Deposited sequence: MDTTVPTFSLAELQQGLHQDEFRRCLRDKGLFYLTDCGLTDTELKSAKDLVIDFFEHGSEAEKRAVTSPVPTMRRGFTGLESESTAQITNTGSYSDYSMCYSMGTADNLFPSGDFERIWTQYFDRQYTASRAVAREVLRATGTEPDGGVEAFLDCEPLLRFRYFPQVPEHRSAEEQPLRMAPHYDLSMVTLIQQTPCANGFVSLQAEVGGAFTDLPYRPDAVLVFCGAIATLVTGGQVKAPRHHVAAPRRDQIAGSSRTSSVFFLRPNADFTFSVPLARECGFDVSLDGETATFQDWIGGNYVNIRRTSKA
C-alpha cells in the first residue's frame, strides 16, 4: 500500500468523481483530508480568536457563568488546558459576539460533517434503518481544546459516524496528531485549506464493515521542542441518535464484540445511557 493520507474535495465527491479512490480509502484507511467543504482557515481563526481571548481574558466569574454544574465537557467551558464545547442546543456562550461567531462555526461544521457522511453512505451503498436523513439529523458534539507547552492523548478510535478535526499548528513546527496507516503511525499535520476526517466505529457499523475506524493519538514533543509546542484542535463528532437501529448478526460480522440478545439493537442498547466518544483497543 501507498500509506499516503489522501485528500478529496467534497465538491468533486458530490459530483460522483473519484468513487473508486474514495471507496478504497474508506475501506483500507478510514481517514482523509477534505477540501471544498465550506470550512476556511479564516473562520477557524475568527472562532479561535474569540475563544482564546476568553481562555486568557475571561474572569473567574465569567468562566463560572458558562461552566456546567457537572464537569462533563458537553457544553461551555472546562478548565494544563482549557476546552469549549457546543451542540445544537443548550449552549453556554460568553457573549452575543461569541454566540454569533460560534453558532455560525458550529453550523458550518455540522453541515460539512453531514455532507461527508452522506458521501460515505453513498459510496458504500448504505441505507441506514430509518433512512439517510433521519440518521444524519443526530447528536453532534463540537469540542475546541487549547493545549499548553510542556503522550498527550492515548491511542484510540472514535465511536462517531465521522469526526472532523481542524488544528492550528505548533509555532515550532512539531506535528502532534498521528494515525495508524498501513500498520504504522503517520503524521497528520495542519492544512489551512482542508479539514481532517476520521471515520469512526459507527461508520463501520452502519456500512456493514466497509469503512475502517483508524486508531490515532497525540504525540509529545522531544524537549528540544518544548518551547513553541502549544496547539489547539477543533474536534467535531457526528454521533448517532440513541434510537439508531442496526443488525446484531451484521455487527458481529465486522468485529464488534456485542453482548446483545436478539436480532436488532439501538445505539443506546450497545453503548448505554451516556455517549462514549472514543475507545481503546486494550
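Of the deposited sequence, the ranges 80-96, 168-177, 310-311 have no C-alpha coordinates according to the record.
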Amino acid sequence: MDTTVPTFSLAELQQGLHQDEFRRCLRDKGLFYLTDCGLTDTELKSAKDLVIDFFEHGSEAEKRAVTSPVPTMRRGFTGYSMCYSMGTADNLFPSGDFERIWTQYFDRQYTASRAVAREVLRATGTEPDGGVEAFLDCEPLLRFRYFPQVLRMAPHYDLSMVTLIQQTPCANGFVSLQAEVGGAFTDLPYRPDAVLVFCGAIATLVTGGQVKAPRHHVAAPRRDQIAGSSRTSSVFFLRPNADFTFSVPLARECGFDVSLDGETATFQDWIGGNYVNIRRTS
From here on, numbers count along this sequence of modelled residues.
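So that the term is clear: the rigid core is the largest set of C-alpha atoms that superpose within 1.5 Å between two forms.
Of 61-69 and 38-46, the stretch whose C-alpha atoms sit farther from the shown form in 5 other deposited structures of this protein, after fitting on the rigid core, is 61-69. Comparing the two stretches 152-160 and 93-101 by root mean square C-alpha distance in 5 other deposited structures of this protein, with all structures fitted on the core, the more displaced one is 152-160. The records show that residue 80 is omitted from the coordinate set of at least a third of the other eligible entries of this protein. 169-177 and 193-201 differ in mean CA B-factor, and the higher of the two is recorded for 169-177. Two stretches are in play, 90-98 and 116-124, and the higher mean C-alpha B-factor belongs to 90-98. Comparing the C-alpha B-factors of 110, 185, 144, 157 in the entry, the top value falls on 185. Of the candidates 28, 257, 43, 243, the deposited coordinates give 43 the top C-alpha B factor.
Annotation for residue 20: C-alpha temperature factor in the highest third relative to the rest of the modelled chain, per the entry. Remark: residue 276 belongs to the lowest third of its chain, ranked by C-alpha B-factor as recorded. When the CA B factors of the chain's modelled residues are split into thirds, the value for residue 221 lands in the highest one. Ranked against the other modelled residues of its chain, the C-alpha B-factor of residue 80 as given in the entry falls in the highest third. Residue-level temperature factors show residue 64 in the highest third of its chain, judged at the C-alpha atom.
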